[PDB]
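Here the structure comes first, spelled out in structure tokens, and everything after it is commentary.
For the numbers below, each heavy atom of this structure counts, side chains included, while hydrogens, waters and symmetry mates do not. Lettering follows sequence order; numbering is per chain, from 1.
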There are 2 protein chains.
Amino acid sequence: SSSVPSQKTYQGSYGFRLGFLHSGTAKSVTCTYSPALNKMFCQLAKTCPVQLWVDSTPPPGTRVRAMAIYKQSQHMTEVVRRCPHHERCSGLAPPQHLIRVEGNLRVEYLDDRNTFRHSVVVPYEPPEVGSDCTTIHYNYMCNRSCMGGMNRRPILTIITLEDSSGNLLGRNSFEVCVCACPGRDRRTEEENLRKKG
Amino acid sequence: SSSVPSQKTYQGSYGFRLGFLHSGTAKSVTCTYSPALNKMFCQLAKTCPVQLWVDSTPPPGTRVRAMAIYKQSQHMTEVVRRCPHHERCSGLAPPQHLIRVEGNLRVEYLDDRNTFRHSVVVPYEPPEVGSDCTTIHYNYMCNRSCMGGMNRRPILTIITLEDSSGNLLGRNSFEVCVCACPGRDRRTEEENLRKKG
DNA sequence: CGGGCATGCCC
DNA sequence: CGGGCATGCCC
Ligand SMILES: [Zn+2]
Ligand SMILES: [Zn+2]
């Protein structure tokens, strides 16, 4: 019984995929996504819109869960949590949770009783009409560099689509780097990929 | 009734002054003192020997107190304390105290009931015989850069010599920078002083 | 807003 | 051990 959740992409029978908005070119843009690295660069405590795309409409009662895990093998089995500084100076969200959802009246924050991992869950809502996706506003409450938290360790966010019975319907993931200057750090990484990847 | 303790040098009638040991040239020497800047550069949680020199022998019951205060006017009135990370992962010393004394069976840690400032106190002991000074081993439990603690703000350590009745007998102070590479940072600062001081 | 320095750590 | 990069922030 592993305590490390799968990160394997599983688009499933509903054709579940993630979308991200294009952003500005600014050195310190608040949120920016790199398709080449499948990686979000964003600033702490600010909005990161993630779009949910499906080919088929999930059944009523379907839920959307987000959870962070460390990306490197050496840190994979350690629970991702808020650093003690940002925990201390911290409504519904427990202070130890890294990932929050804003703008949803039905958000649930879970602390797994066996694996101790944190996750945040909202109801899946189908797009309104004309629209092809549904947007969730996530918030990361620490910088990747936070001492006693992520401590410079890369993380993945895993988004899972789950029915009310608990069956996995779909899964996707993206890397996240919460940092002061997302535009600078995105360009630096893409350039490093080009020259020495 | 101010809550900012004096840092003014007061050598007093006993001729109280501080001494510091000369150290190596290494980039990451554990402790090194700059006479030009009256400034200690040291690594966290490691020994910083400070020598006490007097011209006249203090009376029995004399105490030696150390306390940190922020050096800049803008931060002067804020209590210097341990960051929440190093407080959490922390015998006699309360976890919130930045400055500890090692190797003394009579150490007292005080949290002032009116000003809320932290200090650590030991008995003054006169030099043994032949020696001209007495050494106290101090420990700083955070880096200057610790988020939620010093947060990159320069500090002074104020050493006061006090009689058992509480009269101030002498006072001296030095700046402290707790950092990963004290030798590098000392040379950088002395060079900056030379070129643009 | 982008340039550029200080500083912890690389693996 | 010293060189040198990443990254938060300068004031
Ligand atoms: Zn944090
Ligand atoms: Zn600290």
Q. When you measure from the side chain of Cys181(B), which nucleotide among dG2(C), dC9(D), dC9(C) comes out closest?
A. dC9(C)

(Q) OP1 or OP2 of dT7(C) versus the side-chain N and O atoms of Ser145(B): is any pair under 4.0 Å? (A) no

Q) Between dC5(D) atom P and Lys195(A) atom NZ, what is the distance in whole Å? A) 14 Å

**Q.** Length of the CZ-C1' vector between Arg153(A) and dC9(C), whole Å
**A.** 14 Å

(Q) Using whole Å, what does the distance between atom P of nucleotide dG8(D) and atom CE of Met150(A) come to? (A) 10 Å

Q. Is any side-chain nitrogen or oxygen of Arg144(A) closer than 4.0 Å to OP1 or OP2 of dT7(D)?
A. yes

Q. Would you say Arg184(B)'s side chain and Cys181(B)'s backbone share a donor-acceptor pair under 3.5 angstrom?
A. no

Q. Does one side chain, of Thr115(B) or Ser3(B), offer a donor that lies under 3.5 Å from an acceptor on the other?
A. no

Q) Considering only side-chain heavy atoms of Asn192(B), which listed nucleotide, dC9(C), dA6(C), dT7(C), is closest? A) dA6(C)

Q: Establish, from distance only, whether the side-chain atoms of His97(B) and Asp111(B) form a donor-acceptor pair under 3.5 Å.
A: yes

Q) If you write DNA chain C from 5' to 3' in dot-bracket form, with Watson-Crick or G-U pairs under 3.5 Å, [ ] for crossing pairs and | for pairs with another strand, what do you get? A) ..||||||||.

Q) If you look at every strand shown and take non-hydrogen atoms under 4.0 Å, does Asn151(B) touch a base, only sugar-phosphate, or nothing? A) nothing

Q | Position toward the 5' end of DNA chain C (nearest nucleotide), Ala180(B) or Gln74(A) | A | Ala180(B)

Q | Check: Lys8(B) main-chain N/O paired with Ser6(B) side-chain donor or acceptor under 3.5 Å | A | yes

Q) About how many Å separate SG of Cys133(A) and CG of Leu52(A), when rounded to the nearest 0.5 Å? A) 8.0 Å

Q: Let me know the distance between CD of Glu189(B) and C1' of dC5(C), rounded to the nearest Å.
A: 13 Å

Q.
Between the base of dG8(D) and the side chain of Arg184(A), is one N or O donor paired with an acceptor at under 3.5 angstrom?
A. yes

Q | Between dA6(C) (P) and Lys196(B) (NZ): distance, integer Å | A | 7 Å

Q: Tell me which of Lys27(B) and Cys179(A) sits closer to the 5' end of DNA chain D, going by the nucleotide each one is nearest to.
A: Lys27(B)

Q.
Ring centroids only, cut at 6.0 angstrom: are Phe41(A) and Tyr33(A) within range, meaning strictly under it?
A. no

Q. Rounded to the Å, how far apart are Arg152(A) CZ and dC9(C) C1'?
A. 7 Å

Q. What's the CZ-P distance between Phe41(A) and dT7(D), to the nearest Å?
A. 9 Å

Q: Can you tell me the distance, in whole Å, between the CG atom of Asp185(A) and the P atom of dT7(D)?
A: 6 Å

**Q.** Under 3.5 Å side-chain donor-acceptor pair for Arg65(B) and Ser119(B)
**A.** yes

